[PDB]
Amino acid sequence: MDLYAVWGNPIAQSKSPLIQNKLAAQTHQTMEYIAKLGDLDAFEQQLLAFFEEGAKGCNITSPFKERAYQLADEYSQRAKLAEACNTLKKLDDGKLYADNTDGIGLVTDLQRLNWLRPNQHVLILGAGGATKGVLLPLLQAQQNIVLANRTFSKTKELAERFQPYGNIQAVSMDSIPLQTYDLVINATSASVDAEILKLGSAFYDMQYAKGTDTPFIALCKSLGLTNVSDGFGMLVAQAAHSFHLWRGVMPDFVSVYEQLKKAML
């Protein structure tokens, strides 16, 4: 029985196993996906033991993304840019391959929502690892990005890092250009001028509040904004992409998302 897992701390809350099981079912892939608690200190040793004992691959969530990336033998451009990895596959030759499907998951979910038209003007709030993990595929999807963060230096580093891949402007949080943004993405854990939010056409939170509105969506809703989404689809889509890397079959993202949402509600 092929073994996969999600590694994190905490991990008790993870939906990854539920999602991956449905993804396996849908594609009739024979495999099992479990949740693994990564020790804050021993994670590296535990992970390697996990692969030495024969696991085929795994997802990585907080706080080990960076750390997992450093462990890999080979990695994708996506992982390289993110300098972090949410997916590992132990290749047949023994190599540990890192990828980061967070960005393509985000792209895939926005496409489901029809919120990813080429040359959209997109505001992204936050410049932590989450943003860092999605910028490359967003830029590759011809999103013109205005990036703003509480801490300006990090905004500038990211704009500098991704400048070669498309249009991204770093701005101070207190000088976000007042314009209509086709899409605003919250990638904070976390203070945007409400006047900016009010002009926005669509609002996406990478955060997913199991069974409720995230702070960001609640905020948007309090300003009378209605075209909103949390990031549950992003969670399902990144999983589907990880699955595709492992299995060589692309699960039907929309179906599983729908079932999970049905499961969900």
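The first residue of the sequence shown is number 1, and the count goes up from there.
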Counting residues of the deposited sequence that sit between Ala190 and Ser191 but have no coordinates, the total is 4 to 9
Tell me which stretch has the larger mean Cα B-factor in this entry, 191 to 199 or 105 to 113. 191 to 199
Cα B factor band for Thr214 (lowest, middle or highest third within the chain): highest
For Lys56, the third of its chain into which the C-alpha B factor falls: lowest
Quick one: classify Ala49 as lowest, middle or highest third of the chain based on its Cα B-factor. middle
Using the B-factor values recorded in the entry, state whether the Cα atom of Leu18 falls in the lowest, middle or highest third among the modelled residues of its chain. lowest
Which third of the chain holds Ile145 when residues are ordered by C-alpha B factor: lowest, middle or highest? middle
